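Here we start with a single chain on its own, the form deposited in one PDB entry, put down as C-alpha cells.
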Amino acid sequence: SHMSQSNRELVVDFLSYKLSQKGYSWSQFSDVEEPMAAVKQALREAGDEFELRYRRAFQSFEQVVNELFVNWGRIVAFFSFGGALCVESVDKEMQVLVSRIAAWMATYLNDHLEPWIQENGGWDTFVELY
C-alpha cells in the first residue's frame, strides 16, 4: 500500500526519463497540466543498457508481460518495454495529429491566403515589416 506509492513513483520517473531522452521533455510537466533517487538513477541506467543491448520486440498488455516472466533482468526488461510502448504510441499519434493540422493549415493557406500574399509584396514584405 505504502510501498506501492514508491513503485508508482519509480514507474513515472522511468517513463518521463525515457520520454525526455526520446525528445518528449514535456513529459516532466504533463501530469501537472491536470534512497529513492539512487533507485531511480539505478533503474534509469539499467533501462538504457537494455535498450542498447537489444534492438526491438517486433489491458491486453498484461498478457504480453506474463510472457516476459522472474529475476531483476526481467524487471528491467519490463520497465524498458513499457517505455518502449509509450514512446511508440506517442510517436504514432504525434505524426498523425501534426500531419493533419499541417495539412489543414497548408491546404487553407494555399487555397485562401496565397493570392493575397503574392499580391501584397510576397513573403519578402512580410519580412520587411519585421
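Note that the rigid core is defined as the largest set of C-alphas that superpose within 1.5 Å between two forms. Just count from 1 along the sequence shown to find any residue number.
From this point on, the text means the form deposited in another entry, which you will not see here.
When the two forms are superposed on their rigid core between this form and the one not shown, the C-alpha shift of 2 Å or more among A42, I75, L85, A102 belongs solely to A102. The two forms, fitted on the rigid core, differ between this form and the one not shown by 2 Å or more at the CA of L113. Core-superposed comparison between this form and the one not shown: the Cα of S20 travels less than 2 Å. Relative to the displayed conformation, the Cα-Cα distance from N110 to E93 grows by 3 Å or more in the other form. One change in the other form concerns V87 and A102, whose Cα atoms lie at least 3 Å closer than in this form.
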